[PDB]
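Reviewing the structure listed below.
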Amino acid sequence: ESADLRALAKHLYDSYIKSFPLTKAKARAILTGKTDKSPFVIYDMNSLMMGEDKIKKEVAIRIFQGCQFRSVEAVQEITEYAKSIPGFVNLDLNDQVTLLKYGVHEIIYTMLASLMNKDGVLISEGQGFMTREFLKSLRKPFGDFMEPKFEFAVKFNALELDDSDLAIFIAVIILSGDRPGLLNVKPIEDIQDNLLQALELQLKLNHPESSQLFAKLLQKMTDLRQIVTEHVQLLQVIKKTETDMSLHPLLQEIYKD
Amino acid sequence: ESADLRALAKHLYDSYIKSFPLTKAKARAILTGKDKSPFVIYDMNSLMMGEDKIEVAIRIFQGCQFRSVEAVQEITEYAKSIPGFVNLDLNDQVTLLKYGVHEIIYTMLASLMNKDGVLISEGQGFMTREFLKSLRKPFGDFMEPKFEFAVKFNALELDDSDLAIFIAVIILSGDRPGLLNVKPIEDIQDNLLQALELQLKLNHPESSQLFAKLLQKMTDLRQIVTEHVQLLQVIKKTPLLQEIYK
Ligand SMILES: CC/C=C\C/C=C\C/C=C\C/C=C\C/C=C\CC#CC(=O)CCCC(=O)O
Ligand SMILES: CC/C=C\C/C=C\C/C=C\C/C=C\C/C=C\CC#CC(=O)CCCC(=O)O
Ligand SMILES: CC/C=C\C/C=C\C/C=C\C/C=C\C/C=C\CC#CC(=O)CCCC(=O)O
């Protein structure tokens, strides 16, 4: 029944609004220019030093440390959203942990696209905007932590998904029965099946002119997994080069693999 | 009129049956008898065996924590079936769930308790009151005030039809801190209260002032919750898992 799929799409959207304070709709209105919501822009070291006045160690390290703290808050938001996905909490506790461990970063890069356009990224709940050029201009190896995220984002954003869409897509990501170390693959796959059915109808209803959008979205999961693995490789470099740099426990446990 | 009140009661009963896998009726049958006996946990070896069938004290309290999170999702779903709830301001919904869940967890837990112990694992097991109370401090004191609450609550002899409305009344509390629009909430709760009153008059004609007696139990519930939070602050003085439970 179509109607049970619609109801589940509605529930997931509602949870998504409750779990994530900065939605794509809000991010786009800020980026577009929809007076009231105008961000301060950080394109250089002086603008960055100014940003601390009107927005909420070393500069490159201060920035990277900021991202990692933000990434932790995002993991908490994603974690709260996951608990809302029907069946998730009823799964074996080790599998819940495993789904989260492999899922959360893919979800982070998916939603981070919402806060990006080709020249920059929203920061600090959208009060600030840090330019893409400025992030590139960071001393090695920090120069190119964000670049693969921009490249993914520009392309992902051409799909034109809205938040209702994304709510379902991120649920589909989390409930992937091919995560390494899963004890009970079957219960997970049965939930994903249902979520995939919900996503399929949603995209057909919400984007009736956009052909094979469902398949086009699913193929993007290939791009997400690539971004994760490259980011891990970059993180291994940093720890060795910046022996004075402190990585957040949560994030360390996630990356253990 | 009275028929809108019956419509609402029935709507809530049907949703409560859909949302909660283990009903009071089903739990009473298993506690009195009616088919496999639940596996009983009365001792340490019993527990050890129970895990295979289906610090000990820490592992038991973590288990109640995991179940509590399951119950939050069941309660959340049920709340969405209450007429008016989804039309409320989003922040207010989250606020009503945030403060309402604990009161409901303990209300429904009474359903699974008698004076001698509590059903666990969806009624596949029975953990004895004595075994819970034997647990080293401060764990031994955690379940006991719930049992005390439950013996008195259960004396009202509510069924699932009654409880379904009562639960909704608890969710639509206008006095939760942080609420943005208290009006439509109180307005829904007034209507839920009307349904609860007529439900109790029809379902229990002989039980005088059962409605008032039930509302007085809200004092007992909030005290339990406040007392739980207190013991939880004490427990904090002793990774991805931490996050899930929060
Ligand atoms: C004042 C703003 C606070 C923190 C962000 C500041 C600069 C970061 C610049 C761009 C990033 C945009 C938003 C922040 C959130 C995620 C971006 C990141 C990403 C990753 O590279 C993951 C980093 C987590 C880690 O440190 O491992
Ligand atoms: C102060 C931290 C600096 C920058 C980001 C601050 C807030 C991000 C804005 C809103 C967050 C709330 C809900 C939206 C959820 C996900 C979209 C996102 C995001 C990010 O902020 C990027 C984090 C991604 C990463 O760490 O890679
Ligand atoms: C070990 C995780 C708990 C349960 C397994 C999942 C579903 C079985 C359904 C109910 C079992 C309930 C509790 C078993 C664990 C600890 C006992 C404690 C307490 C409670 O029994 C749960 C109270 C929540 C509620 O039913 O409202």
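Residue numbering in chain A adheres to Swiss-Prot, whereby the residues present occupy positions 235-268, 270-291, 303-503 in order.
Recorded method for this deposit: X-ray crystallography, 2.2 Å.
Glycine residues also receive a Cβ, built from the backbone N, Cα and C atoms like all the rest.
The feature rosiglitazone binding site is assigned by Swiss-Prot to A:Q314, A:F315, A:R316, A:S317, A:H351, A:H477, A:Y501, with experimental evidence given as support. Annotation source Swiss-Prot lists ubiquitin cross-link at A:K252. Under the heading motif '9aaTAD', Swiss-Prot lists A:495-503.
Taking 8 Å as the upper bound (exclusive) on CB-CB distance to chain B, the recorded positions A:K252, A:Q314, A:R316, A:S317, A:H351, A:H477 give A:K252 in sequence order.
With a cut-off of 8 Å between Cβ atoms, the residues of this chain six or more beyond the motif '9aaTAD' (A:495-503) that come close are 314, 317-318, 321, 347, 350-351, 478, 481. Remark: secondary structure over the motif '9aaTAD' (A:495-503) totals 7 helix, 0 strand, 2 coil, with classes taken from DSSP.
Looking at A:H477 (rosiglitazone binding site) and A:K252 (ubiquitin cross-link), their Cα atoms lie 29 Å from each other. When the Cα atoms are compared, A:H351 (rosiglitazone binding site) and A:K252 (ubiquitin cross-link) turn out to be 20 Å apart. Ligand 1 lies under 6 Å from the Cβ of A:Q314, out of the recorded positions A:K252, A:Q314, A:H351, A:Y501. By the rule that a residue counts when its Cβ sits under 6 Å from some atom of ligand 2, the binding-site residues A:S317, A:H351, A:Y501 yield A:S317. Counting only the Cα atoms, the space from A:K252 (ubiquitin cross-link) to A:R316 (rosiglitazone binding site) is about 18 angstrom. Highest Cβ count within 10 Å among the recorded positions A:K252, A:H351, A:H477: A:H351. With 11 residues not built between them, A:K291 and A:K303 place their Cα atoms 17 angstrom from each other. Between the farthest pair of Cα atoms in the rosiglitazone binding residues (A:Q314, A:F315, A:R316, A:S317, A:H351, A:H477, A:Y501), the distance is 16 Å. Taking Cβ-Cβ distances under 8 Å and a sequence separation of 6 or more, the neighbours of A:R316 (rosiglitazone binding site) in its chain are A:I369. For A:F315 (rosiglitazone binding site), the same-chain residues that are 6 or more apart in sequence and have a Cβ closer than 8 Å to its Cβ are A:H494.
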